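Breakdown of the fold
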Amino acid sequence: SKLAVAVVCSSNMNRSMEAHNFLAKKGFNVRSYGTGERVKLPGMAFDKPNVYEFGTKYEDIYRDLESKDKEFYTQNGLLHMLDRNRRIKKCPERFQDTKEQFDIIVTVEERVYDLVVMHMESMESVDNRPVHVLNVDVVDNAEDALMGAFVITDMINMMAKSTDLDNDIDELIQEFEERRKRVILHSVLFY
């Protein structure tokens, strides 16, 4: 009963990771992904950011911010976030590029969801296995990114504690929206 869980956002640094951590700690077989063309984040922001590729060791990123200005990048969480990540994976992966399969692909933004869906129908395989993609809005910022991680964990826990997600996954989503007053889009795809 140790299912495959993915958590996706655009750039793979905040929301999917903050949740990657929580689902990992509580034992879940989970991974994190991004859908963006590159990896972006704050930094003298609201005009000029920092960008990397989906292979840049998180550790390597941490390094750079230091020289640029290790001052700023502490206050704004940026650095702590990064160190917290060197400890989960090596570098942020791009979803569309993954060859790995899951059961619940959880996405954190309405647009990411769509961007995943698409790339999901973009194929077919002689395995034909079902995979639920639940999207759960969660604001893209240091704080709320942590709350979502709880919400998402509270959600994956509940669904994992079943045997047959498929014929009662729908029943469950219903139950959940009632506790969190959130909106959990859902959509079945096949590999």
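Residues numbered from 1 in each chain as written, not as in the entry; some residues may be left out. Heavy atoms only, no water.

Taking the PDB entry as the reference, the chain is identified by name as FR253 belonging to Drosophila melanogaster. Its UniProt record gives the chain the following Sequence similarities (unreviewed entry) comment, quoted word for word: "Belongs to the SSU72 phosphatase family." (UniProt positions renumbered as here; feature names shortened; annotations may be inferred.)

Quick look at the side chain of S11
Among the structural elements, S11 can be located in the loop between β1 (4–8) and α1 (15–25). Here the side chain of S11 touches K40 through a polar contact of 2.8 Å, landing on its backbone nitrogen. What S11 contacts, discounting residues up to four positions off in sequence, is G34, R38, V39, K40 and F54. (Helix = DSSP H or I, 4+ residues; strand = E, 2+ residues; numbered from the N terminus. Polar contact = N/O pair within 3.5 Å; in protein donor to acceptor, adjacent residues only side chain to side chain. Contact = heavy atoms within 4.5 Å.)

Here we look at the nonpolar core
The biggest cluster of nonpolar side chains holds 28 residues, and the ones touching the most others in it are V7 and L134. Listed by contribution, the elements that provide at least two residues to this core are β1, α1, β5 (104–107), β6 (130–136), α6 (144–160) and α7 (166–180). At eight residues, the largest contribution of residues to this core is made by α6. For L134, the residues in contact, after removing those within four places along its chain, are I104, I105, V106, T107, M155, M159, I173, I184, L185 and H186. If you look at the next biggest cluster of nonpolar residues, it comprises 16 residues, including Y113, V116, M120 and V133. (Core = buried A, V, L, I, M, F, W, Y, C linked by side-chain atoms within 4.5 Å. Buried < 20%, exposed > 50% of the residue type's maximum accessible area, 1.4 Å probe, protein only.)

Section: the packing of α6 against α7
Put simply, α6 and α7 touch, their axes get as near as 11 Å, and they point 145° apart. Note on packing geometry: the crossing formed by α6 with α7 is right-handed. Packed against α6, whose contacting residues are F150, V151, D154, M155, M158 and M159, the element α7 presents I169, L172, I173, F176, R179 and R180 at the interface. Residue composition of the contact of α6 with α7, grouped by class: nine nonpolar, no polar and three charged. (Axes fitted to C-alpha atoms, helices over the stretch in contact; angles between N-to-C directions. Left-handed = near helix turned anticlockwise from the far one by under 90°. Nonpolar A, V, L, I, M, F, W, Y, C, P; charged D, E, K, R; others polar.)

Looking at the state of the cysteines
If you walk through the whole model with that rule in mind, you get zero disulfides. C9 forms no disulfide, and the closest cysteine sulfur to it belongs to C91, at a distance of 14 Å. Among the residues examined, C9 registers a relative accessible area of 1% and is labelled buried. For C91, a relative accessible area of 21% corresponds to the partly exposed category. (Disulfide = S-S within 2.5 Å.)

Quick notes on the pattern of salt bridges
Opposite charge on two side chains permits pairing when their charged atoms draw close. For the structure on display, the rule yields 14 salt bridges. A salt bridge links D83 to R87; the shortest N-O distance between them is 2.4 Å. A relative accessible area of 15% means that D83 is categorised as buried. For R87, a relative accessible area of 60% gives the class exposed. When the shortest N-O distance is used, the salt bridge between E109 and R111 registers 3.5 Å. Classification of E109 as partly exposed rests on a relative accessible area of 25%. Each of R15, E109, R111 and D140 takes part in one network of salt bridges that share partners. (Salt bridge = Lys/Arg side-chain N within 4 Å of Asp/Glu carboxyl O.)

Let's talk about the pairing of β5
What you see with β5 is no split at all: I104 and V106 on one side and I105 and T107 on the other are buried throughout. Where β1 meets β5, four bridges bridge the pair, whose relative direction is parallel. Within β5, the position partnered with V7 by the bridge is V106. One crossover worth recording links β5 to the parallel β6 by way of helix α5 (residues 110–121), and it is right-handed. (Pairing = 2+ DSSP bridges. Right-handed = clockwise from strand over helix to strand, strands pointing away.)

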